[PDB]
Amino acid sequence: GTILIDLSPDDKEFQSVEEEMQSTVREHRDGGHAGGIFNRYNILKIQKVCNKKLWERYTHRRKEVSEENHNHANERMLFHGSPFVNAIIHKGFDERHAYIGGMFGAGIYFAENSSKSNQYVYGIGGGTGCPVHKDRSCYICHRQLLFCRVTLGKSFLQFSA
Amino acid sequence: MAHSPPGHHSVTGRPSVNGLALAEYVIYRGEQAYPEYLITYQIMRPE
Ligand SMILES: O=c1[nH]c(-c2ccc(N3CCOCC3)cc2)nc2ccccc12
Ligand SMILES: [Zn+2]
């Protein structure tokens, strides 16, 4: 039941999403090993992901969290990179999208920095890079990221390297 | 997946070394995220 609706580059919604993408690029401590060397993106397309069932499943849980946290969902918009973005948009997030070896336990990871999520588009550590060229810094191949609505509720603060 | 720490719905990974890094977040229930936008892009080679 997922449909993808293309946003026009002239739409304010396209423009605010592109700006969040571009402005949250940073340098990474791997010198670009996992995600490639770049300071900015060429945005090719932004699509709205519309799935009534998955939306209702999200808002249902959002309300449960909210009611457990003084009517505060603590909702953010965050990036997610994954080889399984195509499954996510059709079936939603679940346990199979979890990063088992992540630094904060087995769960589903999101980033404020778009360039951090970019490191995971081809797998953990960038895997072996693009399917076509086996290049983690491929400048030709089209990559996909998700920009997601995420309910944090009461979040456990872990200070970390 | 693991569970959230007791009494919490997520974890926030606060950067405590790299001064420029933004936060990262973990949820333990897939129902706590909705994939709103699919962004297709290329990384650009620096000039
Ligand atoms: O966007 C992210 N994706 C991922 C990510 C990590 C692992 C996966 N996998 C999904 C299930 O198969 C194993 C690989 C998917 C996504 N990790 C992050 C960690 C920190 C900040 C952001 C991310
Ligand atoms: Zn390639």
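Per Swiss-Prot, chain A residues shown: 952-1112, in order.
We read in the header that X-ray crystallography, 1.9 Å was used to get this structure.
Cβ from N, Cα, C; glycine included.
Quick look at what Swiss-Prot annotates:
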- A:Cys1081, A:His1084, A:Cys1089, A:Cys1092: Zn(2+) binding site (BINDING)
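Take the CB of A:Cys1092 (Zn(2+) binding site) and look out to 10 A: across all protein chains shown you find 15 other CB atoms. Spatially close to A:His1084 (Zn(2+) binding site) yet at least six residues away along the chain are A:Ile1091, A:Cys1092, judged by Cβ distances under 8 angstroms. Long-range Cβ proximity for A:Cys1081 (Zn(2+) binding site), meaning a same-chain Cβ under 8 A and a gap of 6 or more residues, is found for A:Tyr1073, A:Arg1087, A:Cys1089, A:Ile1091, A:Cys1092.
Other residues of the chain with a Cβ within 8 Å of the Cβ centroid of A:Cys1081, A:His1084, A:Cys1089, A:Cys1092, the Zn(2+) site, are A:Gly1080, A:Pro1082, A:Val1083, A:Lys1085, A:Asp1086, A:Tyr1090, A:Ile1091.
The Cβ of A:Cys1089 (Zn(2+) binding site) has 18 neighbouring Cβ atoms from other residues within 10 Å, across all protein chains displayed.
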